[PDB]
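Asker: Got a structure for you, written out below as structure tokens; questions coming shortly.
We did not get these values from a lab; they are worked out from the coordinates using the rules stated. Using ideal geometry, Cβ is built from the backbone for each residue, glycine included, and neighbour counts are taken over all protein chains shown.
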Amino acid sequence: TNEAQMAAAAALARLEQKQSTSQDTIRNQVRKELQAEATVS
Amino acid sequence: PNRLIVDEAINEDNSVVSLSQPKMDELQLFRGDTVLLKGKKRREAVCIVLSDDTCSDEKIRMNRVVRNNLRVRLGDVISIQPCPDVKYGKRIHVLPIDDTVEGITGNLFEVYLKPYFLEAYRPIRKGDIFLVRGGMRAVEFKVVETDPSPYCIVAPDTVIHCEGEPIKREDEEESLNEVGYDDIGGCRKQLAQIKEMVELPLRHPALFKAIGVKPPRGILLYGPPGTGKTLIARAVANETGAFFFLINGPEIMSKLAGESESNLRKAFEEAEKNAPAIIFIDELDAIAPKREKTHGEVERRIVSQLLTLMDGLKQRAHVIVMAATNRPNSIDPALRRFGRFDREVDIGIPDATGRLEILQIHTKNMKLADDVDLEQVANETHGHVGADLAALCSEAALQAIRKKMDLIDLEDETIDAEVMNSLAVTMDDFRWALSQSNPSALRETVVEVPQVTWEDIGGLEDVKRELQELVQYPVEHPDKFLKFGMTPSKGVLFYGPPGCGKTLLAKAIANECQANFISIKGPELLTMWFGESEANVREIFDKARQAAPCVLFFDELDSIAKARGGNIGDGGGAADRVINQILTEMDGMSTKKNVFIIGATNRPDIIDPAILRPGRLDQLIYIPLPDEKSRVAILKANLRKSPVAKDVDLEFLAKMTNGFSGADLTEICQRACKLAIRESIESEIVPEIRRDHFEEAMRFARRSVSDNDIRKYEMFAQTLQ
Amino acid sequence: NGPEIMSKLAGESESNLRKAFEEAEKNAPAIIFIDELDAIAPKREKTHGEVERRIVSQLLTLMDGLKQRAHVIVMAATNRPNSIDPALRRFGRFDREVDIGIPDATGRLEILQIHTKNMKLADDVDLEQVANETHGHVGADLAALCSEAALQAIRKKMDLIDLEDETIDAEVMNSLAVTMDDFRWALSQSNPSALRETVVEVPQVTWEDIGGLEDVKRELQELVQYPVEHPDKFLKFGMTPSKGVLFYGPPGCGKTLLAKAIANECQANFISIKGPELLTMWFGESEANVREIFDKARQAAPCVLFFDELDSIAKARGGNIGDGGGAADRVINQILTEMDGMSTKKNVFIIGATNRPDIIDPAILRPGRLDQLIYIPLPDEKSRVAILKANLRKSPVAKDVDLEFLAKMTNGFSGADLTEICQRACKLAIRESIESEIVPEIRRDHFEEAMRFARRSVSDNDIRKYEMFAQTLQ
Ligand SMILES: Nc1ncnc2c1ncn2[C@@H]1O[C@H](COP(=O)(O)OP(=O)(O)O)[C@@H](O)[C@H]1O
Ligand SMILES: Nc1ncnc2c1ncn2[C@@H]1O[C@H](COP(=O)(O)OP(=O)(O)O)[C@@H](O)[C@H]1O
Ligand SMILES: Nc1ncnc2c1ncn2[C@@H]1O[C@H](COP(=O)(O)OP(=O)(O)O)[C@@H](O)[C@H]1O
């Protein structure tokens, strides 16, 4: 029925949002720059 | 009819179960419909049914929250029926359980229940217990009043009341924060294997009483400390309901003669009285060390006492004894004879995926900031075990708590729920903890399914296909091998210059086949010979048999020949104790165990020819330095993860790097990437790698293989025709 | 059993052991069984404690007391007959012994049939396939295999019908069959406990599996069969039968199959000793294991004890260079000793094989040892064809395959090299057949391609040495 399908849509949104590369190069480069600035001072 | 076997779920949601479509058609329900579940002792629950490609037809997948309310355990069977007449509720009353409301005050409804029900549209039933996680606490609540009955869906426009003291947990229900299978991260395969061995004897003892089959009566677990050996043993007892008895070597050994034997006997007598029961003996090598390795009468006696108590398990109905050790061969071999501890499971060390799973498990309650990346941590935490990853999560939590909450709260045991929920852990707190922690298992070899795929290898197109023919075809098309009387090869040896991708070739086929990759290095073969520990060869091949499907890779096969002198040596051959034991194990290994052996060497001219005889590594593949088209392919493969400027001429670079190996082309790409990153970081105090970064990298990169080494390898390959 | 006695305190272990004998007498006739005997009465050199020595002496006196305890027989089980106090084997006591060993393929099939008597099997189940695949398994492993195969089937159906009660409806078990996929699955999960143990059995190699060498086949019949088929004629003519033969010649010409085939025809237990085993004994200075090997041969009689790669140790020492010494070593010396002391009527025949007779102690050729010599050269034209036909006897072969043409080209090839050609052609036919689904027989093109990758393993420098040696022997 319709109230059950709305309950299913809410459960699917919760599960998919929680359960669901150039970013790791960017993070590692920023971390290396912050460590170099911490060693020069 | 309409009876389904209770098993674990992938979907963690408190109102979701998963069925395979054939059962949804027979039950005349659709994806998203609400159903009622009927368990034991007149207990029911309401949930939404979804579907996936992992649930089997005979099973219904649910989480712990649903099983607890139905008073059922994994392996039981419940009834399912649709209820399309479910409507929205009007007013409900939900109260927390005292078992979790300790050290906390404030408006629990606004912090926990309201976020939990807001736009959630969750089906509930009177008496339902559900867990809400947040603020580094897990609080469970009970539904005590509903205007509609017995079940309804709670819509955002309904009234939710929460007035009264926390409710004391009833004896007919268990706390949802107790240790279960969902608390175990890596080694999921091992946990499944154990569950199959123990769940049925304990959950349905009647079947073993009536059916002429023997249950397992003892499982030995082994691996480094902190990997979950004791966590599994307890989690199994909690999930099946068997009484858990804890024993440990050093405590029993600390007792006086006669006291150690009496205490060990009592544990077995109590287990029978409390059957079904599980007896877990930790540090088995300490309570029962090899008798031939000790001098004491008490140590020889306690081994005899344990051996007789293990044999008595044929009379002590429904009692299973488990044990944990660091090394499977550090205990008296009598314990592993037929009967007694006739089963064992290799826990080992979690891999990169398992380490992430462990971090996710120990952050269930933690509020993480958007900058937190646990996958990056799991890849950096090489050599860490669950004990270390749990420390990282707790230490990162403490750092966030001290930065914010310790400037808000008093030095006391009670904190407002809103203050706890306002505290989120940032990536800096995880990085700090990572610098403080030190891996407890960094030297041990880690066996895992590799993430290397065929797209990661530049060149060698015919070798990639050849490995698929050697590894996959014997089991994908077995009727053709039988039809033509072909004996599949058990392995292949690679030879040629270093740094051409030999490691990727073995990993890539293991990846596609979803098989564990076992990497044995020269230093291990050298240790076995020099340390007079050739029995470790059996450990290696047994690891492959237990890790199957797997690829058993023996690197630096020349290390044994070199140990005998290599270039000079005595006047004899390459035969020695270690290689003879290795060859023996190869001959006794069947291809039907899903184990394929790959070898490699950089000095094929000194390999004991026995390894190339039929039944061993009879096939030879030459891996030269990459050619012109392959070197370009290697450069392109390494740059798939970063934007590359249009001014970069990869063919020009490949034409210059004529003597470079794949490993050297990778350094060029990685160095050019680092140079581009350096510029990017400075610009914020760039979006792509520029030609200047590759040309600068070329000033530092060198070929690892000399021209004389290339001629040596080419002449050898030519000699073989 | 060992642990039951060893777990008891001083004075309790001796009293309990004595009571066991007293009960057997009171209830005579009676049988006492002592399991894990080596745990109670280990070889004396393995223990020095006062308590352990006394309990061993108590067992020895109780065994001697069986002269008065009428109708009482004591049996004991150990893993190795030489791991126990040798005094137990004195006249009387435990002087008689029986080697149980491990089952062969026939025994394993019988065990599987026994432990499935109560089991419902599907029409696809074939326990002969299992018995042949379960190499290295013992009866306890086959029993576990049957249990695991049933348990998989039980979980699939018993839980599906939700039969949760204290009793099982007979109809449910009546319709619950264990399939061949359930046995094959269990075989993947099981792990043999005797994988590293020595396997001794009557070989399945037949003479039809060996191409060529018709005169060698007849010679082996005279050397192995006649001494026991006509023992009265050997006495009549004063003939002393040969106790063994040494094979020499190029490698890969069937030296091993010849020893197995005669063991098969004679239904004798075949014991296979390979180079790595001879090297292991040499490297570890454990040549005493040679006497154990010959003792097993005596226990297994009638038997054929085959020592392959006799030159493995001489080669390991340098073969062509090495030191300035002779061909004698720790292991071959014990082998020579055991042959010299072997009884003619024990029905034990020794076969050796070497690839370099010039580095084998010539003393091995004296009467009573490997006094006969058979030369096994590279197969000739008709034999190479016969070898190809034998190697392909298990596969479909197209009519366009000219086996005589292939044999004429492979003039310098050994039987081992002809097999590689056959297997290469099979692999090519397999790859071609599989591709046609993305063929029914091996085509000439598959053999012609194999000819471009196969090579002779024995070069002309070795064949000339082999022929010149054979000529020297006249
Ligand atoms: N495989 C694993 N998965 C999840 N958590 C684990 C794992 N191994 C260890 N842990 C965690 O690390 C800790 C181990 O402590 P304990 O249970 O005493 O085990 P040990 O036997 O290593 O001392 C626990 O907090 C446990 O949750
Ligand atoms: N053909 C190739 N394609 C892509 N990368 C390669 C190739 N050959 C080597 N590499 C890179 O070089 C590194 C070293 O490779 P490996 O096979 O481990 O060399 P080694 O001979 O030292 O074992 C790998 O991590 C891989 O990234
Ligand atoms: N006369 C022959 N007939 C059939 N096959 C043969 C013959 N000679 C050798 N072979 C093949 O060569 C392989 C090696 O034979 P074997 O006698 O084991 O060699 P070796 O005794 O030198 O180790 C066998 O598997 C067999 O298939």
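Asker: Work out Dmax and Rg for the stretch B:363-512 from the C-alpha atoms and quote the Rg first, both in angstrom.
Answerer: Just the Cα atoms of the stretch B:363-512 yield Rg and Dmax of 24.8, 81 Å.
Asker: Something else about it: Pull up the cross-link candidates among the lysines for C:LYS46, meaning alpha carbon to alpha carbon under 17 Å and not fewer than 8 places away within one chain.
Answerer: Cross-link targets: B:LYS290, B:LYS293.
Asker: Hey, if you drop one equal point scatterer on each alpha-carbon of the stretch B:354-413 and run the Debye formula without solvent, what base-10 log of I(q)/I(0) do you get at q = 0.14 Å⁻¹?
Answerer: Values, matching the q order: -0.44.
Asker: If you don't mind, another one. In the structure displayed, which of B:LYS59/B:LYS189; C:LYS315/C:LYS465; B:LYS255/C:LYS8; B:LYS480/C:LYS255; A:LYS18/B:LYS189 lie more than 22 Å apart, Cα to Cα?
Answerer: Table pairs above 22 Å Cα-Cα are B:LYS480/C:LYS255; A:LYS18/B:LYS189.
Asker: On to the next question. Select from B:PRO205, B:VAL66, B:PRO96 the residue farthest towards the positive end of the dipole of the protein assembly as shown; place +1 on Cβ of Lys and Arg, -1 on Cβ of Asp and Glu, and compute about the Cα centre.
Answerer: Ranked along the dipole, the leading option is B:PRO205.
Asker: Quick one: compute a quarter of the convex hull surface over the Cα atoms of the stretch C:302-453 and quote it in nm².
Answerer: The orientation-averaged projected area of the Cα hull of the stretch C:302-453 comes to 13.3 nm².
Asker: Sticking with this structure for a sec: Please work out, to two decimal places, the log10 of the ratio I(q)/I(0) at q = 0.13, 0.17, 0.19, 0.23 Å⁻¹ from a Debye calculation in which every Cα of the stretch B:1-86 carries one identical scatterer.
Answerer: At q = 0.13, 0.17, 0.19, 0.23 Å⁻¹ the computed log10 ratios are -0.32, -0.58, -0.74, -1.14.
Asker: Counting only Cα, what are the radius of gyration and maximum Cα-Cα distance Dmax of chain B, in Å?
Answerer: Here Rg and the maximum Cα pair distance are 30.3, 94 Å.
Asker: Name the GluC sites (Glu not before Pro) in the stretch B:345-429 that are in a loop by DSSP and that have at most 14 other C-beta atoms within 10 Å, would you?
Answerer: Those that pass, being in a loop and sparsely packed, are B:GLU411, B:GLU413.
Asker: Under 21 Å between alpha carbons, and skipping anything fewer than 8 positions from B:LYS168 in its own chain: which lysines qualify?
Answerer: B:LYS168 reaches B:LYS41, B:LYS126, B:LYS142.
Asker: Okay, next question. Take the stretch B:607-721, compute every pairwise Cα distance, and split them into 5 Å bins from 0; I just need the percent in each bin.
Answerer: 2, 10, 18, 18, 14, 10, 9, 7, 5, 4, 2, 1, 0
Asker: Separate question: From the P(r) of the stretch B:87-169, can you give the percent of Cα pairs sitting at distances over 16 Å?
Answerer: Beyond 16 Å sits 46 percent of the P(r) for the stretch B:87-169.
Asker: Pick out, from B:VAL86, B:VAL236, C:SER15, the residue whose Cα sits farthest towards the positive end of the charge dipole of the protein assembly as shown, with +1 on the Cβ of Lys and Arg and -1 on the Cβ of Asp and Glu.
Answerer: Sorting the options by dipole projection puts first C:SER15.
Asker: State the percent of C-alpha pairs, over all pairs in the stretch C:159-254, separated by a distance greater than 20 angstrom.
Answerer: I get 71 percent for the Cα pairs in the stretch C:159-254 exceeding 20 Å.
Asker: Continuing with the same structure: How would you rank C:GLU197, B:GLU524, going from fewest to most other Cβ atoms within 10 Å of each one's own Cβ?
Answerer: In increasing order of surrounding Cβ atoms, one gets C:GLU197, B:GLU524.
Asker: Based solely on its DSSP helices, what 222 nm [θ] is calculated for chain B when runs of n ≥ 4 H residues each add -39,500 (n - 2.57) and the sum is averaged over all residues, nearest 500 deg cm²/dmol?
Answerer: Helix contribution divided over all residues of chain B: -11000 deg cm²/dmol.
Asker: Now for a separate question. What FRET efficiency comes out for the pair C:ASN174/C:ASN461, r = Cβ-Cβ distance, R0 = 60 Å, nearest 0.05?
Answerer: 0.25
Asker: Which semi-axes, in whole Å and largest first, does the equivalent ellipsoid of the stretch B:178-349 have when worked out from the alpha carbon gyration tensor as the square roots of 5 times its eigenvalues?
Answerer: After scaling each eigenvalue by five and taking roots: 24, 19, 15 Å.
Asker: In debye, nearest 20: dipole of chain B around its Cα centre with unit charges on the Cβ of K, R (+) and D, E (-)?
Answerer: 2240 debye
Asker: Say the dipole of the stretch B:445-626 comes from +1 at the beta carbon of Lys and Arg and -1 at that of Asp and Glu; which of B:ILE623, B:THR584, B:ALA515 then lies farthest toward its positive end?
Answerer: B:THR584
Asker: Something else about it: Using every Cα-Cα pair within the stretch B:590-636, state what percent have a distance larger than 14 Å.
Answerer: Considering the stretch B:590-636, 65 percent of its Cα-Cα pairs are separated by more than 14 Å.
Asker: Could you compute Rg(Cα) / (2.2 N^0.38 Å) for the stretch C:420-474, with N its residue count?
Answerer: So the stretch C:420-474 has a normalised radius of gyration of 1.81.
Asker: Run a plain Debye calculation on the stretch B:476-587 (Cα atoms as equal point scatterers, no solvent) and give log10 I(q)/I(0) at q = 0.10, 0.20, 0.21 Å⁻¹, rounded to two decimals, same order as the q list.
Answerer: With one equal scatterer per Cα and no solvent, log10 I(q)/I(0) is -0.37, -1.21, -1.28.
Asker: With only alpha-carbon atoms in the gyration tensor, what are the semi-axes of the equivalent ellipsoid for the protein assembly as shown, in Å, largest first?
Answerer: In descending order the semi-axes read 60, 44, 30 Å.
Asker: B:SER683 to B:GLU251: FRET efficiency via 1/(1 + (r/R0)^6), r the Cβ-Cβ distance, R0 41 Å, to the nearest 0.05?
Answerer: Taking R0 as 41 Å, the efficiency between B:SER683 and B:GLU251 is 0.10.
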